[PDB]
Amino acid sequence: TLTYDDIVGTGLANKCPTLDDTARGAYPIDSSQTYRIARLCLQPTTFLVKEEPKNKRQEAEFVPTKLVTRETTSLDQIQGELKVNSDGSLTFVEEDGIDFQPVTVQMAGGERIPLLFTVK
Amino acid sequence: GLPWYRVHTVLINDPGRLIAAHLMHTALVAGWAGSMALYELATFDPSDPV
Ligand code: CLA
Ligand code: CLA
Ligand code: CLA
Ligand code: CLA
Ligand code: CLA
Ligand SMILES: CC1=C(/C=C/C(C)=C/C=C/C(C)=C/C=C/C=C(C)/C=C/C=C(C)/C=C/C2=C(C)CCCC2(C)C)C(C)(C)CCC1
Ligand SMILES: CC1=C(/C=C/C(C)=C/C=C/C(C)=C/C=C/C=C(C)/C=C/C=C(C)/C=C/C2=C(C)CCCC2(C)C)C(C)(C)CCC1
Ligand SMILES: [Ca+2]
């Protein structure tokens with residue numbers, strides 16, 4: 001573990017935790033014991049912006065973009081119940097947390113594309 | 001003295017100022033090139049090469 005001071009200014013704070021190459025096991029679900037997610041976290045790596053095919057509809061694809069803002073992208077502290085379903089499936093239901101971050105990215109032309117990257 | 005259309009004859013045998021002259025010329029032609037570019041970059045639309 002590292003203290004606040006051990007992260008400040010490094011950019012590490014905008015990074016969701018990681019598991020080692022080992023941890024590739026499996027977690028059990030009692031299906032008779034409620035479960036929740038104590039901490040969901042999402043860290044962006046790429047932001048692609050589908051381009052408008054001009055008038056000539058020719059099918060459009062997503063294109064990479066430069067992150068004009070900085071390392072403020074990550075969503076963290078997400079939380080909610082991970083209820084087990086009748087059919088034996090699992091559904092997560094978020095309650096609260098830093099569930100959104102305003103991101104701004106530039107493109108080929110120079111156009112800034114602001115979005116509200118979220119999972120509310 | 002010299003007619004207007006002859007003012008540049010003042011260099012016919014002054015290798016120094018003749019070089020000074022062609023240097024200024026080259027400067028203008030290089031200058032134009034640089035700035036004519038910027039004009040195109042400020043108005044050219046890359047949105048569609050087709
Ligand atoms: C082998 C030696 C040599 C070399 C390499 C040159 C080279 C050049 N001479 Mg030149 N010259 C020489 C001997 C030489 N001369 C002799 C013995 C005489 C008789 C005295 C002349 C008389 C002469 C005249 C009368 C003229 C030239 C011009 C030119 C230039 C025409 C191209 C240009 O303008 O580029 C410009 C674009 C470039 C890409 C920039 C190149 C500049 C370089 C990189 C900087 C060099 C810095 C250095 C300290 C100064 C030396 C300059 C030159 C003497 C090498 C060119 C750089 C013409 C000129 O000066 O036009 C402006 C010109 O009118 N020369
Ligand atoms: C290779 C390029 C070149 C060069 C270096 C020269 C150089 C020279 N010419 Mg000349 N000349 C050229 C091409 C060139 N000429 C061409 C193509 C023509 C036919 C159109 C002439 C016709 C010509 C005549 C009829 C005479 C000269 C004369 C002279 C000498 C005196 C210049 C003078 O004082 O003008 C003075 C210049 C001004 C005060 C007036 C310029 C106004 C111009 C017309 C308006 C346009 C300006 C604009 C920026 C030009 C754009 C350049 C364009 C090519 C991109 C000088 C040695 C004179 C000489 O022999 O004296 C005894 C002379 O009588 N030239
Ligand atoms: C390649 C460009 C060039 C160069 C290197 C020279 C170089 C020279 N000229 Mg010259 N000249 C040029 C173009 C050029 N001229 C043009 C286009 C004209 C008018 C047609 C003249 C008219 C002229 C005269 C009448 C005389 C010279 C003379 C001379 C010599 C002495 C320097 C002098 O006092 O200049 C004089 C300075 C000027 C006339 C230059 C100013 C004019 C320009 C248009 C100003 C540009 C301002 C701005 C950047 C653009 C315009 C703004 C507009 C868009 C609103 C020198 C060798 C003298 C010489 O020794 O003769 C014996 C002389 O008497 N020139
Ligand atoms: C390799 C191509 C080339 C050549 C051969 C020349 C040659 C010449 N340039 Mg030039 N120039 C070039 C490319 C070239 N340029 C480029 C790419 C640029 C950047 C746009 C310039 C910009 C430039 C400037 C700013 C000036 C010159 C001038 C001159 C002349 C100086 C010698 C002289 O005193 O003539 C005496 C003058 C002539 C005999 C006039 C020639 C008539 C031309 C060919 C026709 C165009 C003018 C026309 C009659 C009227 C149109 C006017 C317009 C403004 C509406 C010479 C004829 C200078 C000038 O001419 O001032 C005296 C000058 O000021 N050039
Ligand atoms: C540092 C050196 C340098 C370099 C690398 C460039 C590079 C470039 N310039 Mg450039 N330029 C320079 C100096 C330089 N310039 C200087 C000093 C001037 C002022 C005179 C200019 C003025 C200039 C203009 C006005 C323009 C460029 C342009 C360009 C671009 C297009 C190149 C082109 O197609 O050329 C074309 C090359 C030729 C004209 C062919 C020359 C061959 C001649 C005809 C033969 C000469 C006779 C020869 C002596 C016979 C003996 C040969 C022997 C082997 C048999 C290119 C990026 C263009 C551009 O797109 O704008 C940015 C453009 O419009 N330049
Ligand atoms: C000094 C210096 C500098 C700066 C520089 C600069 C900024 C420059 C600019 C330059 C420029 C910016 C130039 C320009 C030029 C232009 C020109 C030279 C033009 C010309 C034109 C013409 C001549 C035209 C004509 C015509 C007309 C008008 C119409 C009819 C047709 C024709 C085409 C004929 C620096 C900082 C780098 C550093 C070092 C020092
Ligand atoms: C003072 C000083 C100095 C400096 C000096 C110098 C170096 C100057 C220069 C100057 C210069 C060098 C200037 C220039 C000018 C220019 C001009 C005046 C231009 C004009 C142009 C134009 C007008 C353009 C046009 C166009 C258009 C419109 C579009 C098309 C294209 C083109 C671009 C052509 C020093 C450093 C010593 C130090 C101290 C201070
Ligand atoms: Ca667009």
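Pairs of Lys residues in the protein assembly as shown are counted when their Cα atoms are under 22 angstrom apart and they lie 8 or more places apart or on different chains; the count is 5. Among A:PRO102, A:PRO44, A:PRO28, the largest mean-square fluctuation in a Gaussian network model of chain A, built with springs joining Cα atoms closer than 10 Å, belongs to A:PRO28.
Reducing region A:66-100 and region A:11-34 to their Cα centroids gives an inter-centroid distance of 14 Å. Binning all Cα-Cα separations of chain B at 10 Å, short to long from zero, yields these whole-percent fractions: 21, 27, 22, 16, 10, 4, 0.
Structure remark: mean-square fluctuation, Gaussian network model of chain A, C-alpha springs under 10 Å; the largest value among A:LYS83, A:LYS50, A:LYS15 belongs to A:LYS50. Normalised Debye scattering of the protein assembly as shown at q = 0.13 Å⁻¹ gives log10 I(q)/I(0) of -0.95, counting only Cα atoms as equal scatterers and leaving out solvent. As a length-normalised measure over Cα pairs under 8 Å and 6 or more apart, the relative contact order of chain A settles at 23 percent.
Please give me the summed charge of the neighbours of A:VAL119: other residues whose Cβ is under 14 Å from its Cβ, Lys and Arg +1, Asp and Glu -1. After counting each charged neighbour, the total is -3. Near A:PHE92, once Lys and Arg are set to +1 and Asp and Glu to -1 for all other residues with Cβ below 15 Å from its Cβ, the sum equals -1.
Rounded to the nearest 10 degrees, the angle from helix B:15-41 to the longest Cα principal axis of chain B is 10 degrees.
Toward the positive end of the charge dipole of chain A, with +1 on the Cβ of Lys and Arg and -1 on the Cβ of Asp and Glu, the farthest Cα among A:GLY88, A:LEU42, A:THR118 is that of A:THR118. Between A:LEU90, A:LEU75, A:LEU67, the residue with the greatest mean-square fluctuation in the GNM of chain A (Cα pairs under 10 Å linked by springs) is A:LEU90. Simple point charges give the picture: +1 on the Cβ of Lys and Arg, -1 on the Cβ of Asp and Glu, and for the protein assembly as shown a dipole about the Cα centre of about 860 debye. Amide H contacts under 5 Å for A:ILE78: A:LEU40, A:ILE98, restricted to partners 5 or more places along the chain or on a different chain, H placed in the peptide plane at 1.01 Å from N.
A short reminder: the numbers here are calculations on the coordinates, not readings from a lab. Note: ideal-geometry Cβ built from the backbone for every residue, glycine included; neighbour counts use all protein chains shown.
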